[PDB]
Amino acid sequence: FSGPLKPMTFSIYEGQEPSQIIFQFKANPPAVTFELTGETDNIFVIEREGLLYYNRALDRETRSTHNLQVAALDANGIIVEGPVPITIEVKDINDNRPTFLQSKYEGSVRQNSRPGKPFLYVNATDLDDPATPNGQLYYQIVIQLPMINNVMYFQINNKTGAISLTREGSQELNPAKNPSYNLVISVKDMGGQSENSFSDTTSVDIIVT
């Protein structure tokens, strides 16, 4: 938990209240005191003894990296050593629900449209880290109304939110029989893979032409 002044990177989970110092910098005479600059945000502090710490739980969605610099000073306040870059990587936790860009979508599809060919897109946004499951979204049709004998007329690309006819929907959609369908779409984060995830829903009304 101590060592020379040099470029270093520390990884700290957002939402963790501090319990111990991050690091102690040691610098031989003529290193008197230490100075901390950069994206301190009144969170990151260095003491005279070279003790580096953070004073409150971070939030990746306020700042996802804190670019700091540490320098060793002498008696006259004059830089002796560094300034060196000290990087804080604020590790993501799943603390944001995914939200649909619309609570209601209005679409239309032609009667004999190709199966798999998109005619509408639903999208959601998640403020968590997209390089992690926390920010990786999975789209599902949860309801089709009306639905005949459990045959799905519509399918959604689970990654992209692209809504297209199924094989059966291509074959069966007939505006005279039924001019419109309502889909309820879910989105989950954690890539749709957990129970331990957040979810949103939207409604899509679709006219058959």
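All residue numbers refer to positions in the sequence shown, first residue = 1.
(message) Using only C-alpha atoms and the B-factors in the entry, which stretch averages higher, 26-34 or 162-170?
(response) So the stretch with the higher mean C-alpha B-factor is 26-34.
(message) Averaging CA B factors per stretch from the PDB record, which one is higher: 71-79 or 87-95?
(response) The stretch with the larger average C-alpha B-factor is 71-79.
(request) Quick one: which of 60, 56, 66, 177 shows the highest Cα temperature factor in the PDB entry? (result) Within the set 60, 56, 66, 177, 177 shows the top C-alpha B-factor.
(message) By the recorded C-alpha temperature factor, relative to the other modelled residues in its chain, which third is residue 186 in?
(response) Lowest third, going by the recorded CA B-factors of the chain.
(message) Quick check on the deposited entry: does the C-alpha B-factor of residue 204 sit in the lowest, middle or highest third of its chain?
(response) Its C-alpha B-factor, which the entry lists for residue 204, ranks in the lowest third among residues of this chain.
(message) Splitting the chain's C-alpha B-factors into thirds, which one does residue 123 fall into?
(response) Bottom third by C-alpha B-factor.
(request) Ordered by C-alpha B-factor within the chain, which third holds residue 113? Give me lowest, middle or highest, please. (result) Tercile = highest for this residue's CA B-factor.
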